[PDB]
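The structure under discussion appears below in the form of structure tokens.
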There are 6 protein chains.
Amino acid sequence: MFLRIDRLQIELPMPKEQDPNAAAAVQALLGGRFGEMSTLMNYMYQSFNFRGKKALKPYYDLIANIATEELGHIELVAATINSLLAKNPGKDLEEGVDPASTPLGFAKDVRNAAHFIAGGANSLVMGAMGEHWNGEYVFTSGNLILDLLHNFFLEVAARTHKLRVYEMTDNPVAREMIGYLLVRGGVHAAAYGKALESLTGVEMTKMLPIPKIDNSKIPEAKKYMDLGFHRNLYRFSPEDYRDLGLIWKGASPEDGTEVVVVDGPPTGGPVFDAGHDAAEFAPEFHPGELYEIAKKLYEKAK
Amino acid sequence: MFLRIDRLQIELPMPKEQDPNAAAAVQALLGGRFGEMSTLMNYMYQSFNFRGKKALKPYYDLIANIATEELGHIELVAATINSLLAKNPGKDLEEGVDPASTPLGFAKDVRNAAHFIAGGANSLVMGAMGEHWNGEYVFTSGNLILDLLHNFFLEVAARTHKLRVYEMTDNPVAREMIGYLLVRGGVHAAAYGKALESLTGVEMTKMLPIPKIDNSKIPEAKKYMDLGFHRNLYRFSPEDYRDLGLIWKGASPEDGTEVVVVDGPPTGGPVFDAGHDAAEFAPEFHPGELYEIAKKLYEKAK
Amino acid sequence: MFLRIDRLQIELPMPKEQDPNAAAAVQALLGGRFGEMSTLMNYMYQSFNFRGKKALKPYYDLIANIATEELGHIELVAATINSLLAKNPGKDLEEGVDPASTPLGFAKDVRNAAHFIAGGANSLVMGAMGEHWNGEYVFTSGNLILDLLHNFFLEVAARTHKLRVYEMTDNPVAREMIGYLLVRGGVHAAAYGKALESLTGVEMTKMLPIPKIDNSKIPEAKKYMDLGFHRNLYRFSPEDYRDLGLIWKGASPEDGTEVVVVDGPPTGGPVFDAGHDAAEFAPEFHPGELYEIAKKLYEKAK
Amino acid sequence: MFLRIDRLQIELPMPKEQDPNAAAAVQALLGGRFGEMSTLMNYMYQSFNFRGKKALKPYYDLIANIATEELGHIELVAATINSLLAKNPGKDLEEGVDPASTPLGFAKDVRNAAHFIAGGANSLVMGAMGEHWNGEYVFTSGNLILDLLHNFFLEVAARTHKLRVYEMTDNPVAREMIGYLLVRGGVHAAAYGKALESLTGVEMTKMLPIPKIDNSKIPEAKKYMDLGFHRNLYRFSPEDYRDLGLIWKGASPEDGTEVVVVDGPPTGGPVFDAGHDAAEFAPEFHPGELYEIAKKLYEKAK
Amino acid sequence: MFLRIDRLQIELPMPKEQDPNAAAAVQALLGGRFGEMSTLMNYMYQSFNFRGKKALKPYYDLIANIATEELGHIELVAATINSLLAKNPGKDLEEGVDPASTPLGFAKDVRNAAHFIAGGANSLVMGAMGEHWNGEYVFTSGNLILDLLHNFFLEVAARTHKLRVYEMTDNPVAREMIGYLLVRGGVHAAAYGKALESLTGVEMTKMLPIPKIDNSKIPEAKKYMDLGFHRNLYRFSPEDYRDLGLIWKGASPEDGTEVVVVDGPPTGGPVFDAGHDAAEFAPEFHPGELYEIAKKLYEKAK
Amino acid sequence: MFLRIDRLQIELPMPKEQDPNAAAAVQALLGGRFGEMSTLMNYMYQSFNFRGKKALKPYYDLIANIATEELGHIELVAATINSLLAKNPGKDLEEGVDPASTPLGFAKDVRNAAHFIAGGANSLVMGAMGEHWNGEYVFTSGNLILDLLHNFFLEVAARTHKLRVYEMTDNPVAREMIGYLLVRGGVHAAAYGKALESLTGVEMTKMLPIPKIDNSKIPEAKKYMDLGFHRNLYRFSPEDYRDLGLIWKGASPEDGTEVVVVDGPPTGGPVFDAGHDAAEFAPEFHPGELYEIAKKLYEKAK
Ligand SMILES: [Cl-]
Ligand SMILES: [Cl-]
Ligand SMILES: [Cl-]
Ligand SMILES: [Cl-]
Ligand SMILES: [Cl-]
Ligand SMILES: [Cl-]
Ligand SMILES: [Cl-]
Ligand SMILES: [Cl-]
Ligand SMILES: [Cl-]
Ligand SMILES: [Cl-]
Ligand SMILES: [Cl-]
Ligand SMILES: [Cl-]
Ligand SMILES: [Li+]
Ligand SMILES: [Li+]
Ligand SMILES: [Li+]
Ligand SMILES: [Mn+2]
Ligand SMILES: [Mn+2]
Ligand SMILES: [Mn+2]
Ligand SMILES: [Mn+2]
Ligand SMILES: [Mn+2]
Ligand SMILES: [Mn+2]
Ligand SMILES: [Mn+2]
Ligand SMILES: [Mn+2]
Ligand SMILES: [Mn+2]
Ligand SMILES: [Mn+2]
Ligand SMILES: [Mn+2]
Ligand SMILES: [Mn+2]
């Protein structure tokens with residue numbers, strides 16, 4: 001079972017301008033083959049399907065726990081896309097929009113028109129070409145070593161996509177998210193590499209980084225390394241998965257320093273609200289009446 | 001962000017033997033169009049994309065919280081499938097399997113061979129025809145009423161699929177899971193119906209049940225209603241989503257009794273471990289050496 | 001624009017009992033690559049997209065009119081599938097079905113479980129592997145000769161699929177439908193071949209039949225030829241497409257006899273009603289109340 | 001069976017300029033998830049699959065008839081796209097096009113290159129991202145109420161997409177089509193809502209409009225309401241489906257006035273011909289010789 | 001079995017500038033429905049599946065051999081795309097690229113972002129809309145005449161796409177490849193047409209060209225015809241498939257001159273190397289260390 | 001460019017009778033995600049897209065050459081499937097088949113009906129669920145180490161699928177093919193592992209085998225190892241790719257013995273001809289006339 005905390009994993013900056021094509025590129029990191037939906041669903045299904053949940057417990061704890069972290073990463077990437085698509089971020093009401101004035105005219109010419117037609121200027125479950133995420137992006141073979149080898153690869157392929165998208169947009173909201181997730185993905189790659197070394201004797205972490213560029217060269221990633229976050233494997237569970245430190249120990253690939261398990265999630269930051277976009281009818285064309293209904297739900301004695 | 005608890009939402013019984021074609025049918029309820037992946041991802045993305053998270057908070061709390069519950073439902077359905085596919089449930093080591101003796105010969109003739117080739121006799125992210133789940137199964141328009149109308153439909157369409165699969169499968173593991181999720185889906189349909197009543201004045205809950213068959217006609221569902229589970233909307237969060245009772249109040253469609261918000265998740269039941277399947281090389285062909293590696297990790301613990 | 005007549009293009013017989021796997025095979029002829037959806041949508045879109053609707057009118061009339069005929073062919077193939085899937089054909093109310101008794105147990109083991117889960121034991125928009133029909137099965141290039149060459153091929157490929165499914169299914173409903181549509185597909189291939197002869201001088205009809213087997217070897221098709229149906233190109237329009245005989249003239253490939261344009265549709269046969277299937281909740285679990293509602297609508301008629 | 005009338009459902013204006021990206025957006029309304037292909041094929045297959053064609057006749061008449069109207073809507077949307085893609089609308093011959101001069105250079109940079117490569121600058125069976133329409137967009141459950149609930153949703157989701165595309169392009173051909181189809185979709189939503197109220201007692205039409213914006217705010221829709229077309233359910237059949245008025249009666253959601261059944265289709269307007277586009281080889285590179293062949297087919301004595 | 005020669009089928013010119021959208025259009029010719037992947041895989045699988053490899057040997061030789069030629073065409077089209085995507089063609093090392101400087105900023109706005117995210121600025125197995133090539137683009141019916149009819153169509157549909165893409169870009173690398181492959185596709189269409197005439201008596205080559213525009217009107221195609229290459233069917237085999245001349249004989253459709261079989265491949269040209277693209281991390285971010293490792297592999301005594 | 005040799009990489013035995021479901025399982029090894037189409041197309045596109053073809057030549061030679069070997073593997077797997085689907089292997093003419101007698105009745109009930117409808121009882125470009133192979137199964141990042149890591153994984157994932165299908169199918173044709181390709185896949189995994197060791201210092205070959213089962217436990221694979229085939233990397237080229245031994249050297253993972261580069265392809269075995277299947281109209285319904293046409297082509301030879 002799962003619980004939810006109404007917080008993003010980190011604070012994101014306020015966007016300052018809508019940037020559709022940046023949002024379309026960032027979609028690769030959400031619903032593309034190596035996006036966060038893929039790391040999430042790979043680890044989630046491997047955790048469901050895991051044989052030897054007690055006999056191979058440290059490895060089960062690892063996959064079950066990292067799957068849980070990736071839930072917050074789909075959330076964070078979706079918030080980033082929503083930030084880039086928001087017309088009036090954080091504002092409950094805009095007035096004066098007339099459909100006949102062609103208020104979505106710009107959207108005719110952007111790469112991803114679906115953001116504005118199917119979505120209400122919001123994230124979709126798709127990649128940078130509009131391709132919807134598909135369950136064949138999941139590998140769940142039942143063989144622990146084969147799955148871990150796949151997962152090591154998956155994290156460094158995902159990192160490669162994050163780096164390339166970083167190089168496509170200088171939007172600060174996108175770069176903040178990417179910097180943080182480069183650091184988290186470095187932790188995951190390192191953790192799967194340590195798990196493989198424990199099972200096989202092959203020193204997989206010595207292959208890192210892939211590609212051969214250090215996170216310290218990406219300013220927004222270095223920001224988070226400077227706070228120590230490359231050392232931390234957070235245990236996203238009240239009472240379970242307590243044996244992570246049997247694998248998550250020893251040296252960090254980033255700097256050689258000792259890594260640690262942190263019990264519980266990080267503090268986080270607030271969730272994002274894109275505000276009213278009347279041309280998208282989101283959350284309604286003129287939402288004042290609905291806001292009044294919600295207000296009155298609280299005004300009650302019962 | 002999210003947290004994980006290593007418990008299924010209910011306990012499941014143990015099948016007498018593998019039932020591949022039952023597993024293949026139950027896949028519809030996991031990765032098909034109206035499976036638990038779809039309800040999960042619809043509500044998850046709607047919750048990310050929600051505009052007016054404070055101004056429309058009671059409705060945000062509802063979608064965000066039900067999304068969290070559906071995480072445990074993909075888990076529960078996967079456990080059911082895994083139970084039906086497990087050769088040696090709960091048994092860590094089998095001996096004597098010879099690949100040269102065609103130990104997977106039965107799988108040549110089952111509906112879903114992928115369970116045994118791509119999977120290690122485990123669940124996959126697909127429906128009852130082998131169709132992989134796809135992101136176009138998600139509807140996230142940004143318009144609250146349109147989304148809620150969709151979600152009401154989604155729950156009763158999902159219910160219809162659960163009922164039909166129930167009528168195909170006599171296996172207790174499937175009947176228990178389905179009976180439970182018929183009751184939970186009744187709660188979700190009722191909740192979305194109450195939300196639509198509040199926003200629109202249209203008495204959506206009066207349309208229930210769809211199809212026009214009572215959950216009381218399904219023995220396992222009747223048991224869960226006798227335990228009160230049709231009344232309960234669990235708050236799957238440490239501290240958030242405390243306004244569910246503004247919508248989740250009044251009469252149950254099942255029996256007219258007053259519905260309730262329950263603080264926290266249910267206690268549930270143990271997770272499922274399919275054990276060793278040597279022919280599937282899952283978790284390894286001969287896993288004793290890996291079990292020894294894991295044991296030694298604890299000896300070297302700090 | 002289009003009009004509808006509540007008649008199948010031929011009458012169909014009644015199966016003795018349900019035959020799921022026959023239905024699954026016949027799906028190839030509905031939603032597969034060379035099924036009736038494909039011939040329909042190819043000619044429909046070509047007719048929309050046709051350039052030179054007046055200057056090339058005889059050819060426009062041909063494509064526009066054959067497209068209309070193919071609408072009735074998707075209808076006829078769907079009726080055949082529905083006939084094979086119907087538990088109680090023609091019977092409005094069945095009693096005593098208990099969902100708890102696994103009344104759909106047989107469906108666990110059939111090829112196409114979707115017929116019974118997604119469908120209410122009814123046709124779906126898919127082929128013989130469960131693959132849903134897709135718009136990339138349409139070829140609409142705008143070049144008349146290229147399109148007609150494609151359409152000649154499409155008809156003989158579709159014929160080949162019909163012949164192979166005929167050889168799989170002994171059910172009279174399927175044999176009657178297929179025999180009829182072998183004759184109609186012979187007309188369409190001949191018509192496109194005559195159109196290509198007129199435009200190019202290449203004697204395309206001399207290539208027929210493809211494969212090199214005569215429709216006379218298929219008993220149901222032989223009967224329809226004995227009724228003259230290989231000669232007939234029906235004008236499926238009140239007043240339009242009156243120049244079909246400019247192309248549809250001269251010898252039939254089947255027997256050398258003169259072909260004819262028939263004003264209007266054939267008289268055909270009754271549409272099919274699969275009746276009540278309570279386990280499928282179709283049209284309702286217990287439909288008597290809805291039947292009463294419908295009866296009362298007539299009492300309140302103006 | 002079906003008949004065809006060689007007329008669009010309404011007169012469309014002459015385009016005045018090619019607008020590829022407008023055509024790409026309008027594709028959402030043709031082959032996207034909530035485009036006219038989807039409403040068409042949903043109602044068509046539900047009509048084939050309908051159980052109780054006599055016992056539930058008014059409801060059968062409704063679905064069978066609206067399916068037939070949607071055939072003319074795929075035609076109308078395709079004509080709109082073709083208008084936007086036409087280089088020389090209504091002109092049989094253009095001269096002087098040289099392939100080596102890069103006459104399709106603009107198409108390199110438009111969103112939808114397929115319009116110009118796969119199509120001969122014509123409509124395709126796809127949405128606004130190039131996604132081809134797929135049969136999984138059809139819902140045909142066999143349960144009347146569940147299908148009608150789906151269809152109500154489908155019409156208002158389709159309306160939402162039409163409104164958003166309207167707001168993306170000010171092209172008069174697109175806006176004329178959209179205005180008309182907003183009015184027709186309002187009729188369909190109202191009709192399915194009335195059918196649901198008759199079966200369930202739930203006042204579904206009181207939820208309209210969705211989104212909460214009136215068609216009267218869209219000038220091209222108000223044009224058609226001012227002619228009375230929101231009141232009219234046309235019976236697209238010579239002799240069948242005569243019981244529509246048992247459901248289609250009472251108040252219009254638009255203005256409270258009494259709705260009516262109209263026997264037969266509206267008058268319509270001419271079909272559209274995009275003319276010669278030599279660079280697309282459509283209908284031929286230099287079509288004069290083919291036009292002469294067609295002319296000579298008429299010059300005959302026989 | 002197969003052998004490889006490290007040469008393109010022709011010399012291509014050096015690109016001079018990156019042209020992403022030209023590369024995206026040329027993708028239609030690689031991984032689209034009528035691209036070189038399709039002609040390749042159609043003929044390859046037909047050759048595997050061929051019945052009567054001795055009894056119908058000349059026809060087997062034809063399909064087996066043309067399949068082999070198409071391997072070099074996927075190679076040639078991929079080289080063309082890679083040329084259009086190359087930043088530093090032929091250069092092993094570039095220095096001074098900083099990811100934080102947004103070196104891929106242009107790629108945010110191009111049609112095909114996947115070239116830069118999934119690919120390292122390189123070709124992908126997809127068409128001009130980003131659609132990945134799929135095995136349903138292959139037709140392998142087992143019936144020789146039906147397959148040959150399909151293949152005739154396939155070549156002229158492929159030619160039509162090549163012509164349209166030619167008209168979209170004036171890039172010399174693209175136009176050189178297209179000119180050559182127009183000539184080769186003319187040979188293939190002619191060869192399948194001759195095979196059909198031999199089997200059926202229908203003069204299929206008299207339909208050529210389709211569309212009705214001569215290759216001699218395309219300067220880069222005329223270049224290769226002026227060298228005689230429209231006459232040549234190369235036998236891509238050391239010792240097999242020696243009976244091609246039983247079919248490949250008689251007049252060329254281009255000019256009426258006698259065609260010939262050439263034993264062995266043409267001379268070819270060098271392969272293409274896109275060079276270092278540091279922002280794509282291709283072949284590495286800073287490849288000097290890897291180049292030194294490779295150099296040292298040669299410095300050996302053993 | 002490529003050349004073709006009309007030989008399979010090994011000889012195959014003849015099945016006693018058709019085995020449709022065995023063929024359907026073996027399809028996973030052809031067109032599934034980890035089938036031979038995937039290894040082929042991964043290495044083919046990586047070889048096209050390779051940057052530093054001279055500076056990193058030993059690695060280019062390896063990928064380019066292994067790609068060529070995989071061409072013969074799609075051929076070999078297709079031959080295996082065709083063998084399992086052949087009614088009359090090696091027999092040019094069968095008499096007496098009557099389509100009216102349901103000669104394909106068995107095919108109604110097999111897993112893969114497409115083999116008999118779309119195919120003429122022959123292989124298709126799909127996996128074990130009927131899923132067509134797709135280009136998103138290719139990973140071509142441009143980064144050498146990332147690609148090689150992927151390829152190492154791909155080979156062991158493909159091996160895992162081969163092992164599982166082996167365990168499903170007792171047919172000698174399948175066991176021989178799979179035993180051989182287990183040995184060849186061991187060579188490829190070892191080669192990519194050696195390449196990674198050279199570039200990274202990580203001892204990837206020490207992870208082998210994956211899964212942890214020796215090829216010696218599979219009797220057919222053991223025979224091929226006893227013949228030395230695990231040592232051999234064949235140079236599938238007349239004159240190119242002469243630096244394979246710079247990487248392909250040192251110890252075999254199977255037995256510690258020195259590996260070798262073999263100049264040229266193996267001698268292999270005959271290609272397979274499925275013979276006449278009249279019910280499939282393959283190569284024709286009654287092929288005697290076409291056989292006579294072919295005979296006469298030789299009489300008219302030059
Ligand atoms: Cl990740
Ligand atoms: Cl991560
Ligand atoms: Cl649900
Ligand atoms: Cl639920
Ligand atoms: Cl047809
Ligand atoms: Cl037909
Ligand atoms: Cl509609
Ligand atoms: Cl409408
Ligand atoms: Cl080609
Ligand atoms: Cl070619
Ligand atoms: Cl392989
Ligand atoms: Cl291999
Ligand atoms: Li069982
Ligand atoms: Li039967
Ligand atoms: Li057998
Ligand atoms: Mn992540
Ligand atoms: Mn990760
Ligand atoms: Mn659920
Ligand atoms: Mn639910
Ligand atoms: Mn037809
Ligand atoms: Mn037809
Ligand atoms: Mn419509
Ligand atoms: Mn409608
Ligand atoms: Mn080619
Ligand atoms: Mn070709
Ligand atoms: Mn291989
Ligand atoms: Mn391999």
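If you're wondering about the labels, chains in the structure tokens are A, B, ... by order shown, residues count from 1 in each chain, ligands from 1 in order shown.
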**Asked** Which residues, written as number ranges by chain, have at least one atom at most 12 Å from residue 222 of chain E, with only C-alpha atoms counted and residues fewer than 3 positions away on the same chain left out?
**Response** E: 175-176, 178-184, 214-219, 225-230, 254-255
**Message:** Please find the residues of chain A near chain E - the criterion being any atom within 12 Å, counting only C-alpha atoms - and write them as a PyMOL selection string.
**Reply:** chain A and resi 19-29+32-35+109-112+127-132+157-172+175+178-179+209-221
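Minimum atom-to-atom distances from E:60, E:153, E:48, E:224 to ligand 25 were compared using only C-alpha atoms and all ligand atoms, and the lowest value belongs to E:153.
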**Request:** Using only C-alpha atoms and all ligand atoms, find each residue with an atom at most 8 Å away from ligand 12 and format the answer as a PyMOL selection string.
**Result:** chain F and resi 36+39+69-70+73+155+181-188
Grab the residues selected above and save them as a PDB file, in the first residue's frame with N, CA, C and O atoms.
ATOM      1  N   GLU F  36      15.624 -11.735 -32.583  1.00  0.00           N
ATOM      2  CA  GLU F  36      16.746 -11.501 -33.500  1.00  0.00           C
ATOM      3  C   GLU F  36      16.542 -10.252 -34.312  1.00  0.00           C
ATOM      4  O   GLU F  36      17.520  -9.604 -34.724  1.00  0.00           O
ATOM      5  N   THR F  39      18.209  -7.565 -32.001  1.00  0.00           N
ATOM      6  CA  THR F  39      19.687  -7.529 -31.999  1.00  0.00           C
ATOM      7  C   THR F  39      20.203  -7.076 -33.357  1.00  0.00           C
ATOM      8  O   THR F  39      21.056  -6.180 -33.437  1.00  0.00           O
ATOM      9  N   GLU F  69      26.164 -10.806 -38.831  1.00  0.00           N
ATOM     10  CA  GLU F  69      25.812 -12.142 -38.382  1.00  0.00           C
ATOM     11  C   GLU F  69      24.302 -12.218 -38.032  1.00  0.00           C
ATOM     12  O   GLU F  69      23.634 -13.213 -38.332  1.00  0.00           O
ATOM     13  N   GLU F  70      23.774 -11.174 -37.366  1.00  0.00           N
ATOM     14  CA  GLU F  70      22.368 -11.236 -36.958  1.00  0.00           C
ATOM     15  C   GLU F  70      21.428 -11.290 -38.144  1.00  0.00           C
ATOM     16  O   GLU F  70      20.294 -11.814 -38.000  1.00  0.00           O
ATOM     17  N   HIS F  73      20.713 -14.708 -38.494  1.00  0.00           N
ATOM     18  CA  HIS F  73      19.895 -15.221 -37.403  1.00  0.00           C
ATOM     19  C   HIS F  73      18.413 -14.950 -37.613  1.00  0.00           C
ATOM     20  O   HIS F  73      17.603 -15.829 -37.299  1.00  0.00           O
ATOM     21  N   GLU F 155      22.018  -8.995 -25.313  1.00  0.00           N
ATOM     22  CA  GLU F 155      22.354 -10.358 -25.577  1.00  0.00           C
ATOM     23  C   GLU F 155      21.933 -11.302 -24.477  1.00  0.00           C
ATOM     24  O   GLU F 155      21.476 -12.416 -24.751  1.00  0.00           O
ATOM     25  N   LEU F 181      21.964 -20.839 -31.387  1.00  0.00           N
ATOM     26  CA  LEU F 181      21.935 -19.410 -31.090  1.00  0.00           C
ATOM     27  C   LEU F 181      22.237 -19.087 -29.635  1.00  0.00           C
ATOM     28  O   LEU F 181      22.663 -17.963 -29.346  1.00  0.00           O
ATOM     29  N   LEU F 182      22.072 -20.043 -28.723  1.00  0.00           N
ATOM     30  CA  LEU F 182      22.596 -19.846 -27.353  1.00  0.00           C
ATOM     31  C   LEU F 182      24.113 -19.721 -27.404  1.00  0.00           C
ATOM     32  O   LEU F 182      24.723 -18.899 -26.696  1.00  0.00           O
ATOM     33  N   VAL F 183      24.766 -20.554 -28.221  1.00  0.00           N
ATOM     34  CA  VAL F 183      26.223 -20.486 -28.339  1.00  0.00           C
ATOM     35  C   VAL F 183      26.644 -19.180 -29.012  1.00  0.00           C
ATOM     36  O   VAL F 183      27.553 -18.484 -28.544  1.00  0.00           O
ATOM     37  N   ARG F 184      25.967 -18.809 -30.118  1.00  0.00           N
ATOM     38  CA  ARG F 184      26.320 -17.554 -30.785  1.00  0.00           C
ATOM     39  C   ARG F 184      26.073 -16.350 -29.885  1.00  0.00           C
ATOM     40  O   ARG F 184      26.868 -15.404 -29.860  1.00  0.00           O
ATOM     41  N   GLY F 185      24.973 -16.385 -29.104  1.00  0.00           N
ATOM     42  CA  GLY F 185      24.701 -15.264 -28.202  1.00  0.00           C
ATOM     43  C   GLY F 185      25.691 -15.199 -27.089  1.00  0.00           C
ATOM     44  O   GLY F 185      26.005 -14.120 -26.570  1.00  0.00           O
ATOM     45  N   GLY F 186      26.242 -16.349 -26.675  1.00  0.00           N
ATOM     46  CA  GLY F 186      27.333 -16.344 -25.732  1.00  0.00           C
ATOM     47  C   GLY F 186      28.549 -15.654 -26.284  1.00  0.00           C
ATOM     48  O   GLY F 186      29.239 -14.890 -25.565  1.00  0.00           O
ATOM     49  N   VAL F 187      28.872 -15.888 -27.557  1.00  0.00           N
ATOM     50  CA  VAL F 187      29.982 -15.205 -28.205  1.00  0.00           C
ATOM     51  C   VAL F 187      29.729 -13.698 -28.223  1.00  0.00           C
ATOM     52  O   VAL F 187      30.607 -12.910 -27.888  1.00  0.00           O
ATOM     53  N   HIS F 188      28.504 -13.286 -28.625  1.00  0.00           N
ATOM     54  CA  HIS F 188      28.260 -11.849 -28.720  1.00  0.00           C
ATOM     55  C   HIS F 188      28.322 -11.178 -27.352  1.00  0.00           C
ATOM     56  O   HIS F 188      28.880 -10.085 -27.227  1.00  0.00           O
TER      57      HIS F 188
END
**Item:** Spatial neighbours of residue 14 of chain F, max dist 8 Å, only C-alpha atoms, sep filter under 4 positions, as a list in words
**Value:** residues 83, 89 and 173 of chain F
Could you write out that same residue set with N, CA, C and O atoms as a short mmCIF file (atom, residue, chain, number, x, y, z; two decimals), in the first residue's frame?
data_model
loop_
_atom_site.label_atom_id
_atom_site.label_comp_id
_atom_site.auth_asym_id
_atom_site.auth_seq_id
_atom_site.Cartn_x
_atom_site.Cartn_y
_atom_site.Cartn_z
N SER F 83 9.45 -24.11 -40.82
CA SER F 83 9.49 -25.55 -40.69
C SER F 83 8.33 -26.06 -39.85
O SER F 83 7.71 -27.08 -40.18
N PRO F 89 6.54 -30.06 -46.15
CA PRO F 89 7.90 -29.58 -46.41
C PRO F 89 8.64 -30.28 -47.47
O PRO F 89 8.57 -31.48 -47.54
N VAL F 173 13.63 -29.14 -34.50
CA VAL F 173 14.03 -27.99 -35.31
C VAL F 173 14.27 -26.77 -34.40
O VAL F 173 15.21 -26.00 -34.60
#
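In this structure, atom CA of residue 79 of chain E sits 6.1 Å away from atom CA of residue 272 of chain E.
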**Message:** Using DSSP secondary structure from the backbone, list all strand (DSSP E or B) positions within segment 158-238 of chain B, as a VMD selection string.
**Reply:** chain B and resid 232 to 235
Store the residues picked out above, limited to N, CA and C atoms, as a compact mmCIF listing (two decimals), in the first residue's frame.
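Saved as selection.txt:
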# COMPACT_ATOMS: atom_id res chain seq x y z
N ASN B 232 -16.29 3.19 3.73
CA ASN B 232 -15.02 3.76 4.15
C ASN B 232 -14.26 4.41 3.02
N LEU B 233 -13.91 5.68 3.21
CA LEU B 233 -12.92 6.35 2.36
C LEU B 233 -11.72 6.56 3.25
N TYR B 234 -10.65 5.78 3.05
CA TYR B 234 -9.43 5.87 3.84
C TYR B 234 -8.62 7.07 3.38
N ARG B 235 -8.07 7.80 4.33
CA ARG B 235 -7.17 8.92 4.07
C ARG B 235 -5.75 8.36 4.05
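Reported to one decimal place, the separation of atom CA of residue 82 of chain B from atom CA of residue 274 of chain B is 6.6 Å.
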**Request:** Name the residues in contact with segment 289-297 of chain C at a cut-off of 10 Å, using only C-alpha atoms, excluding same-chain residues fewer than 6 positions from it; report them as JSON, numbers by chain.
**Result:** {"C": [92, 93, 283], "D": [52, 54, 55, 56, 57, 58, 59, 144, 145, 198, 199, 200, 243, 245, 246, 247]}
Could you please take those selected residues and save C-alpha atoms as a JSON list (two decimals), in the first residue's frame?
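The resulting file, again.json, is reproduced below:
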[["chain", "number", "residue", "atom", "x", "y", "z"],
["C", 92, "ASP", "CA", -35.29, -10.93, -25.13],
["C", 93, "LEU", "CA", -35.08, -12.27, -21.56],
["C", 283, "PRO", "CA", -28.48, -5.02, -22.66],
["D", 52, "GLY", "CA", -33.07, -5.46, -27.89],
["D", 54, "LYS", "CA", -37.18, -4.10, -30.98],
["D", 55, "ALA", "CA", -37.67, -4.29, -27.19],
["D", 56, "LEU", "CA", -35.57, -1.12, -26.68],
["D", 57, "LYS", "CA", -36.36, 0.32, -30.10],
["D", 58, "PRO", "CA", -36.42, 4.08, -29.34],
["D", 59, "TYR", "CA", -32.87, 3.78, -27.98],
["D", 144, "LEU", "CA", -27.28, 0.21, -22.74],
["D", 145, "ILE", "CA", -26.95, 2.59, -19.76],
["D", 198, "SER", "CA", -35.69, 8.31, -19.41],
["D", 199, "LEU", "CA", -33.84, 5.17, -18.26],
["D", 200, "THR", "CA", -32.47, 6.33, -14.91],
["D", 243, "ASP", "CA", -39.43, 6.53, -33.09],
["D", 245, "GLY", "CA", -39.38, 11.60, -31.01],
["D", 246, "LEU", "CA", -40.07, 9.33, -28.06],
["D", 247, "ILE", "CA", -36.72, 10.51, -26.66]]
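The nearest approach to ligand 19 among the residues B:122, B:192, B:5, B:49, with only C-alpha atoms and all ligand atoms taken into account, belongs to B:192.
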**Item:** helix (DSSP H, G or I) per DSSP on the backbone: members of segment 33-264 of chain F, as JSON, numbers by chain
**Value:** {"F": [36, 37, 38, 39, 40, 41, 42, 43, 44, 45, 46, 47, 48, 49, 57, 58, 59, 60, 61, 62, 63, 64, 65, 66, 67, 68, 69, 70, 71, 72, 73, 74, 75, 76, 77, 78, 79, 80, 81, 82, 83, 84, 85, 99, 100, 101, 105, 106, 107, 108, 109, 114, 115, 116, 117, 135, 136, 137, 144, 145, 146, 147, 148, 149, 150, 151, 152, 153, 154, 155, 156, 157, 158, 159, 160, 161, 162, 163, 164, 165, 166, 172, 173, 174, 175, 176, 177, 178, 179, 180, 181, 182, 183, 184, 185, 186, 187, 188, 189, 190, 191, 192, 193, 194, 195, 196, 197, 198, 199, 200, 204, 205, 206, 207, 215, 216, 217, 219, 220, 221, 222, 223, 224, 225, 226, 229, 230, 231, 244, 245, 246]}
